[PDB]
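The structure file data_19.tsv is reproduced below (TSV, C-alpha atoms).
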chain	number	residue	atom	x	y	z
A	151	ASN	CA	105.16	114.86	110.47
A	152	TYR	CA	106.12	113.24	107.16
A	153	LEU	CA	103.91	110.18	107.89
A	154	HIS	CA	100.82	112.37	108.41
A	155	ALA	CA	101.76	114.60	105.44
A	156	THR	CA	101.81	111.63	103.07
A	157	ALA	CA	99.14	109.49	104.81
A	158	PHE	CA	96.47	112.22	104.86
A	159	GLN	CA	97.77	114.14	101.82
A	160	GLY	CA	95.58	116.90	100.40
A	161	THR	CA	93.59	117.30	103.62
A	162	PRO	CA	93.90	119.24	106.92
A	163	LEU	CA	95.35	116.12	108.63
A	164	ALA	CA	98.45	116.31	106.38
A	165	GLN	CA	99.15	119.66	108.10
A	166	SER	CA	101.74	119.98	110.86
A	167	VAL	CA	100.62	121.41	114.22
A	168	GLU	CA	103.23	124.19	114.13
A	169	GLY	CA	102.43	125.33	110.56
A	170	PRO	CA	104.82	126.26	107.74
A	171	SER	CA	107.43	128.97	108.43
A	172	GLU	CA	105.67	131.16	105.86
A	173	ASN	CA	102.53	131.28	108.06
A	174	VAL	CA	104.45	131.84	111.30
A	175	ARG	CA	106.23	134.82	109.75
A	176	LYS	CA	102.99	136.38	108.39
A	177	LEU	CA	100.09	135.56	110.81
A	178	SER	CA	98.69	138.85	112.14
A	179	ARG	CA	96.73	139.39	115.39
A	180	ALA	CA	93.54	139.59	113.31
A	181	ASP	CA	94.08	135.94	112.25
A	182	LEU	CA	94.61	134.79	115.85
A	183	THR	CA	91.51	136.45	117.31
A	184	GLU	CA	89.35	135.24	114.41
A	185	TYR	CA	90.65	131.69	114.90
A	186	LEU	CA	89.84	131.92	118.64
A	187	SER	CA	86.23	133.09	118.47
A	188	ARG	CA	85.47	130.48	115.74
A	189	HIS	CA	86.90	127.41	117.55
A	190	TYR	CA	86.98	128.20	121.32
A	191	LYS	CA	83.28	127.67	122.08
A	192	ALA	CA	81.59	126.15	125.16
A	193	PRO	CA	80.14	123.05	123.39
A	194	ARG	CA	83.61	122.30	121.86
A	195	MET	CA	85.20	122.68	125.38
A	196	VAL	CA	85.50	120.62	128.60
A	197	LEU	CA	86.59	121.70	132.09
A	198	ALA	CA	88.24	118.71	133.73
A	199	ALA	CA	89.56	118.34	137.26
A	200	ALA	CA	91.03	115.67	139.51
A	201	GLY	CA	92.29	115.55	143.10
A	202	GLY	CA	90.77	116.64	146.39
A	203	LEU	CA	87.57	118.36	145.36
A	204	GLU	CA	83.79	118.30	145.53
A	205	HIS	CA	82.35	118.12	141.98
A	206	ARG	CA	79.58	120.53	142.98
A	207	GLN	CA	82.18	123.22	143.79
A	208	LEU	CA	83.92	122.93	140.40
A	209	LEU	CA	80.59	123.31	138.58
A	210	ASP	CA	79.83	126.50	140.53
A	211	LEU	CA	83.32	127.85	139.85
A	212	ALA	CA	82.70	127.12	136.14
A	213	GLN	CA	79.52	129.21	136.34
A	214	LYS	CA	81.42	132.10	137.97
A	215	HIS	CA	84.20	132.41	135.38
A	216	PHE	CA	83.28	130.41	132.25
A	217	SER	CA	79.69	131.70	131.82
A	218	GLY	CA	80.79	134.25	129.19
A	219	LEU	CA	82.04	131.50	126.88
A	220	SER	CA	80.08	131.60	123.58
A	221	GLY	CA	77.94	128.89	121.95
A	229	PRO	CA	82.91	124.14	111.84
A	230	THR	CA	82.44	120.39	111.19
A	231	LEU	CA	85.45	118.22	110.32
A	232	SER	CA	85.42	116.65	106.88
A	233	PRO	CA	86.58	113.01	106.80
A	234	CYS	CA	90.21	112.48	105.80
A	235	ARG	CA	91.29	110.45	102.78
A	236	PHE	CA	94.07	108.04	103.60
A	237	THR	CA	96.51	107.39	100.77
A	238	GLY	CA	98.89	104.43	100.31
A	239	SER	CA	102.00	106.51	99.77
A	240	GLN	CA	105.70	106.96	100.54
A	241	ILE	CA	107.77	110.00	101.52
A	242	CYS	CA	111.52	109.40	101.42
A	243	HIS	CA	113.78	112.14	102.64
A	244	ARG	CA	117.17	110.71	101.81
A	245	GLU	CA	119.90	112.28	103.92
A	246	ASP	CA	123.01	110.06	104.12
A	247	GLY	CA	124.80	112.65	106.29
A	248	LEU	CA	122.76	111.64	109.36
A	249	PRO	CA	124.03	108.65	111.31
A	250	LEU	CA	120.79	106.64	111.92
A	251	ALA	CA	117.72	106.03	109.78
A	252	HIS	CA	114.19	106.76	110.95
A	253	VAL	CA	111.33	104.82	109.37
A	254	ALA	CA	107.64	105.21	110.19
A	255	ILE	CA	105.01	102.91	108.58
A	256	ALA	CA	101.23	102.74	109.12
A	257	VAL	CA	97.90	101.55	107.69
A	258	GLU	CA	94.63	103.49	108.10
A	259	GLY	CA	93.30	103.07	111.62
A	260	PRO	CA	89.61	103.24	112.65
A	261	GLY	CA	89.59	106.43	114.75
A	262	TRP	CA	88.49	107.31	118.27
A	263	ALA	CA	84.97	105.85	118.47
A	264	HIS	CA	85.52	102.37	117.04
A	265	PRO	CA	85.53	99.33	119.43
A	266	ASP	CA	88.15	97.53	117.30
A	267	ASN	CA	90.68	99.97	118.87
A	268	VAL	CA	90.69	97.78	122.05
A	269	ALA	CA	91.58	94.61	120.07
A	270	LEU	CA	94.19	96.59	118.08
A	271	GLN	CA	95.78	97.78	121.31
A	272	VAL	CA	95.99	94.10	122.43
A	273	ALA	CA	97.70	93.23	119.14
A	274	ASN	CA	100.08	96.23	119.40
A	275	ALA	CA	100.94	95.14	122.96
A	276	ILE	CA	101.91	91.63	121.66
A	277	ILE	CA	104.41	93.13	119.21
A	278	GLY	CA	105.14	95.85	121.78
A	279	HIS	CA	108.22	98.06	121.81
A	280	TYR	CA	112.00	97.90	122.32
A	281	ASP	CA	115.19	99.88	122.61
A	282	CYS	CA	118.87	99.11	123.26
A	283	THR	CA	118.67	99.76	127.03
A	284	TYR	CA	115.94	97.15	127.68
A	285	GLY	CA	116.74	94.41	130.16
A	286	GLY	CA	115.01	91.57	128.32
A	287	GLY	CA	117.14	90.96	125.20
A	288	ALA	CA	116.77	87.46	123.67
A	289	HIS	CA	114.36	86.27	126.35
A	290	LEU	CA	111.87	89.09	125.57
A	291	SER	CA	108.36	87.85	124.93
A	292	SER	CA	107.72	89.79	121.70
A	293	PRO	CA	109.29	87.86	118.81
A	294	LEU	CA	110.03	91.21	117.05
A	295	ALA	CA	111.86	92.48	120.12
A	296	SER	CA	113.86	89.30	120.77
A	297	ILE	CA	114.93	89.03	117.10
A	298	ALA	CA	115.70	92.76	116.95
B	182	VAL	CA	93.61	68.73	37.25
B	183	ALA	CA	96.63	70.96	38.02
B	184	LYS	CA	94.82	72.85	40.84
B	185	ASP	CA	93.83	69.61	42.56
B	186	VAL	CA	97.26	67.90	42.29
B	187	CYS	CA	98.98	71.03	43.66
B	188	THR	CA	96.57	71.06	46.64
B	189	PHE	CA	97.52	67.40	47.27
B	190	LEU	CA	101.26	68.08	46.90
B	191	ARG	CA	100.87	70.94	49.37
B	192	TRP	CA	99.37	68.51	51.90
B	193	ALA	CA	102.05	65.95	50.99
B	194	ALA	CA	104.89	68.37	51.83
B	195	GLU	CA	103.05	69.84	54.86
B	196	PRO	CA	100.44	67.52	56.50
B	197	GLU	CA	100.47	69.78	59.58
B	198	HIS	CA	98.95	72.72	57.58
B	199	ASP	CA	95.43	72.56	59.08
B	200	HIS	CA	96.51	71.86	62.68
B	201	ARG	CA	99.28	74.50	62.40
B	202	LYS	CA	96.71	77.17	61.44
B	203	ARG	CA	94.20	76.03	64.11
B	204	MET	CA	97.02	76.56	66.62
B	205	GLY	CA	97.82	79.93	64.99
B	206	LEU	CA	94.28	81.22	65.64
B	207	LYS	CA	94.34	80.03	69.25
B	208	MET	CA	97.80	81.61	69.73
B	209	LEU	CA	96.68	84.95	68.22
B	210	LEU	CA	93.64	85.03	70.52
B	211	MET	CA	95.52	84.08	73.74
B	212	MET	CA	98.21	86.65	72.89
B	213	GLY	CA	95.40	89.12	72.19
B	214	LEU	CA	94.31	88.40	75.79
B	215	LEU	CA	97.64	87.96	77.65
B	216	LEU	CA	99.75	90.78	76.12
B	217	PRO	CA	97.54	93.67	77.24
B	218	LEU	CA	96.95	91.89	80.62
B	219	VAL	CA	100.72	91.40	81.29
B	220	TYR	CA	101.26	94.95	79.95
B	221	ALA	CA	98.65	96.17	82.46
B	222	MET	CA	100.40	94.23	85.25
B	223	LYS	CA	103.66	95.91	84.17
B	224	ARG	CA	102.23	99.45	84.27
B	225	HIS	CA	100.56	98.63	87.61
B	226	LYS	CA	103.82	97.66	89.34
B	227	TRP	CA	105.79	100.43	87.64
B	228	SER	CA	103.17	103.07	88.49
B	229	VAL	CA	104.93	103.71	91.84
B	230	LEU	CA	107.92	104.97	89.85
B	231	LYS	CA	106.14	106.64	86.90
B	232	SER	CA	104.16	108.87	89.34
B	233	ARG	CA	107.06	109.82	91.68
B	234	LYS	CA	108.28	113.42	92.12
B	235	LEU	CA	111.76	114.45	93.32
B	236	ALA	CA	112.80	117.48	95.39
B	237	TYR	CA	116.29	118.77	96.18
B	238	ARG	CA	116.34	120.52	99.57
B	239	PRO	CA	119.92	121.73	100.49
B	240	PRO	CA	120.32	123.47	103.91

Same coordinates, now as structure tokens:
Amino acid sequence: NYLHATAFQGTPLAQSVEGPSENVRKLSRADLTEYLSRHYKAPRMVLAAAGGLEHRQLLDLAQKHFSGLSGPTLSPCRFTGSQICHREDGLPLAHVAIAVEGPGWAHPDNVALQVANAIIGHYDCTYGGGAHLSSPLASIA
Amino acid sequence: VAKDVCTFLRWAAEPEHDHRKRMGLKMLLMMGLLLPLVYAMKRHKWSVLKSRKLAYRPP
């Protein structure tokens, strides 16, 4: 939450999903219903299904119940090179999160970046590999 | 006659005079360049700290 808040500061991406306590305590039913009718619209929605089913049947069921569904562009978000340091010595382990600005959903570079992220990979103290782990970061860690 | 001999005795005592002052000009100019550049480099690195805000958030 802090990473986003500092990374995308002064935009809607800095915002937490849950909202500040102030908003939770004050949001009336008027706010909720207005939010709904503005954002929950057929072209901004997808009905997905998987398992044992004929696609044709789903589409007809969509007709039957989702026909009443009605029919707000996102501004880009400014990334900022920034730091947020909540110092709390009373807690027993330190959490650090660091990131550069990524390309976003569409961009093909994401595939190559996933390959690179897989090289470095991930680790925790219960992993079987230890020293012999393939990732140099993991084996050193 | 006095003016001339003094000018010679000045050079006698201090042959370096002309070179010294040539170097002085080149020093003043380079310092004119480097001081505000190094000062800018200083403010650049320090800008992380000059900008920073603190907040005390007890439970």

Show which residues sit within 12 Å of residue 236 in chain B, as a PyMOL selection string. Count all atoms listed in the file, and ignore same-chain residues fewer than 5 positions away.
chain A and resi 241-244

Using only C-alpha atoms, please write the residues we just selected to a file, as a PDB file, keeping the file's coordinate frame.
ATOM      1  CA  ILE A 241     107.770 110.000 101.520  1.00  0.00           C
ATOM      2  CA  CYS A 242     111.520 109.400 101.420  1.00  0.00           C
ATOM      3  CA  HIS A 243     113.780 112.140 102.640  1.00  0.00           C
ATOM      4  CA  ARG A 244     117.170 110.710 101.810  1.00  0.00           C
TER       5      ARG A 244
END

For residue 154 in chain A, the nearest of the candidates A:230, A:171, A:183, A:240, counting all atoms listed in the file
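Among the listed residues, the smallest separation from residue 154 in chain A belongs to A:240.
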
Computed interatomic separation between CA of residue 199 in chain A and CA of residue 217 in chain A (Å):
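Pair CA of residue 199 in chain A / CA of residue 217 in chain A returns 17.5 Å.
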
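With distances restricted to only C-alpha atoms, B:235 is the closest residue to chain A from B:235, B:210, B:190, B:216.
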
Provide as JSON, numbers by chain the residues of chain B at most 12 Å from chain A, counting only C-alpha atoms.
{"B": [228, 229, 230, 232, 233, 234, 235, 236, 237, 238, 239, 240]}

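You can rank A:234, A:298, A:209, A:200 by their closest distance to residue 165 in chain A using only C-alpha atoms, and at the top of that list sits A:234.
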
For range 176-200 of chain A, supply N, CA, C and O atoms and report the output as an mmCIF file, in the frame of the given file.
data_model
loop_
_atom_site.group_PDB
_atom_site.id
_atom_site.type_symbol
_atom_site.label_atom_id
_atom_site.label_comp_id
_atom_site.auth_asym_id
_atom_site.auth_seq_id
_atom_site.Cartn_x
_atom_site.Cartn_y
_atom_site.Cartn_z
ATOM 1 N N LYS A 176 104.019 135.466 108.909
ATOM 2 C CA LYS A 176 102.990 136.380 108.390
ATOM 3 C C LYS A 176 101.700 136.551 109.209
ATOM 4 O O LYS A 176 101.044 137.592 109.096
ATOM 5 N N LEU A 177 101.334 135.543 110.007
ATOM 6 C CA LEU A 177 100.090 135.560 110.810
ATOM 7 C C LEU A 177 99.957 136.811 111.688
ATOM 8 O O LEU A 177 100.742 137.017 112.619
ATOM 9 N N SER A 178 98.969 137.644 111.367
ATOM 10 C CA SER A 178 98.690 138.850 112.140
ATOM 11 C C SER A 178 97.770 138.546 113.326
ATOM 12 O O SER A 178 97.245 137.429 113.435
ATOM 13 N N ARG A 179 97.582 139.537 114.200
ATOM 14 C CA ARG A 179 96.730 139.390 115.390
ATOM 15 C C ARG A 179 95.252 139.230 115.049
ATOM 16 O O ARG A 179 94.487 138.649 115.832
ATOM 17 N N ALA A 180 94.871 139.760 113.884
ATOM 18 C CA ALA A 180 93.540 139.590 113.310
ATOM 19 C C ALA A 180 93.228 138.114 113.061
ATOM 20 O O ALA A 180 92.127 137.664 113.374
ATOM 21 N N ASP A 181 94.203 137.376 112.520
ATOM 22 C CA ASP A 181 94.080 135.940 112.250
ATOM 23 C C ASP A 181 93.860 135.132 113.525
ATOM 24 O O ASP A 181 93.031 134.215 113.549
ATOM 25 N N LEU A 182 94.607 135.499 114.569
ATOM 26 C CA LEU A 182 94.610 134.790 115.850
ATOM 27 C C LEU A 182 93.293 134.915 116.588
ATOM 28 O O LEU A 182 92.768 133.921 117.095
ATOM 29 N N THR A 183 92.771 136.140 116.632
ATOM 30 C CA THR A 183 91.510 136.450 117.310
ATOM 31 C C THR A 183 90.299 135.879 116.562
ATOM 32 O O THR A 183 89.302 135.491 117.182
ATOM 33 N N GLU A 184 90.395 135.832 115.233
ATOM 34 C CA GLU A 184 89.350 135.240 114.410
ATOM 35 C C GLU A 184 89.311 133.731 114.606
ATOM 36 O O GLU A 184 88.236 133.152 114.773
ATOM 37 N N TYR A 185 90.494 133.111 114.602
ATOM 38 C CA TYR A 185 90.650 131.690 114.900
ATOM 39 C C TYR A 185 90.020 131.332 116.251
ATOM 40 O O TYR A 185 89.327 130.316 116.358
ATOM 41 N N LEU A 186 90.267 132.174 117.261
ATOM 42 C CA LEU A 186 89.840 131.920 118.640
ATOM 43 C C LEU A 186 88.334 131.882 118.788
ATOM 44 O O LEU A 186 87.783 130.894 119.277
ATOM 45 N N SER A 187 87.678 132.949 118.333
ATOM 46 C CA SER A 187 86.230 133.090 118.470
ATOM 47 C C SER A 187 85.446 132.052 117.652
ATOM 48 O O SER A 187 84.315 131.725 118.013
ATOM 49 N N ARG A 188 86.061 131.536 116.579
ATOM 50 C CA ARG A 188 85.470 130.480 115.740
ATOM 51 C C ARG A 188 85.517 129.094 116.393
ATOM 52 O O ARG A 188 84.533 128.344 116.310
ATOM 53 N N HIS A 189 86.641 128.770 117.045
ATOM 54 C CA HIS A 189 86.900 127.410 117.550
ATOM 55 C C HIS A 189 86.745 127.213 119.063
ATOM 56 O O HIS A 189 86.343 126.124 119.495
ATOM 57 N N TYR A 190 87.064 128.250 119.847
ATOM 58 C CA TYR A 190 86.980 128.200 121.320
ATOM 59 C C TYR A 190 85.556 128.508 121.759
ATOM 60 O O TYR A 190 85.247 129.644 122.109
ATOM 61 N N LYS A 191 84.691 127.502 121.724
ATOM 62 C CA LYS A 191 83.280 127.670 122.080
ATOM 63 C C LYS A 191 82.921 126.645 123.128
ATOM 64 O O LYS A 191 83.424 125.522 123.079
ATOM 65 N N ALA A 192 82.044 127.028 124.054
ATOM 66 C CA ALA A 192 81.590 126.150 125.160
ATOM 67 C C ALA A 192 81.237 124.693 124.779
ATOM 68 O O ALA A 192 81.728 123.778 125.448
ATOM 69 N N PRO A 193 80.402 124.470 123.718
ATOM 70 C CA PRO A 193 80.140 123.050 123.390
ATOM 71 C C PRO A 193 81.350 122.257 122.838
ATOM 72 O O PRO A 193 81.345 121.024 122.906
ATOM 73 N N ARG A 194 82.370 122.949 122.326
ATOM 74 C CA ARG A 194 83.610 122.300 121.860
ATOM 75 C C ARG A 194 84.699 122.333 122.971
ATOM 76 O O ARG A 194 85.893 122.154 122.690
ATOM 77 N N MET A 195 84.280 122.558 124.224
ATOM 78 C CA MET A 195 85.200 122.680 125.380
ATOM 79 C C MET A 195 84.762 121.861 126.585
ATOM 80 O O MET A 195 83.572 121.652 126.795
ATOM 81 N N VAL A 196 85.737 121.401 127.372
ATOM 82 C CA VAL A 196 85.500 120.620 128.600
ATOM 83 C C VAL A 196 86.425 121.114 129.714
ATOM 84 O O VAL A 196 87.641 121.239 129.517
ATOM 85 N N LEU A 197 85.837 121.393 130.876
ATOM 86 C CA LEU A 197 86.590 121.700 132.090
ATOM 87 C C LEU A 197 86.721 120.435 132.918
ATOM 88 O O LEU A 197 85.730 119.909 133.437
ATOM 89 N N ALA A 198 87.951 119.949 133.021
ATOM 90 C CA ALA A 198 88.240 118.710 133.730
ATOM 91 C C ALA A 198 89.031 118.991 134.981
ATOM 92 O O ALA A 198 89.865 119.891 134.990
ATOM 93 N N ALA A 199 88.780 118.217 136.034
ATOM 94 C CA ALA A 199 89.560 118.340 137.260
ATOM 95 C C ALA A 199 89.653 117.027 138.020
ATOM 96 O O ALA A 199 88.736 116.196 137.975
ATOM 97 N N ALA A 200 90.777 116.850 138.707
ATOM 98 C CA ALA A 200 91.030 115.670 139.510
ATOM 99 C C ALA A 200 91.886 116.017 140.717
ATOM 100 O O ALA A 200 92.730 116.913 140.648
#
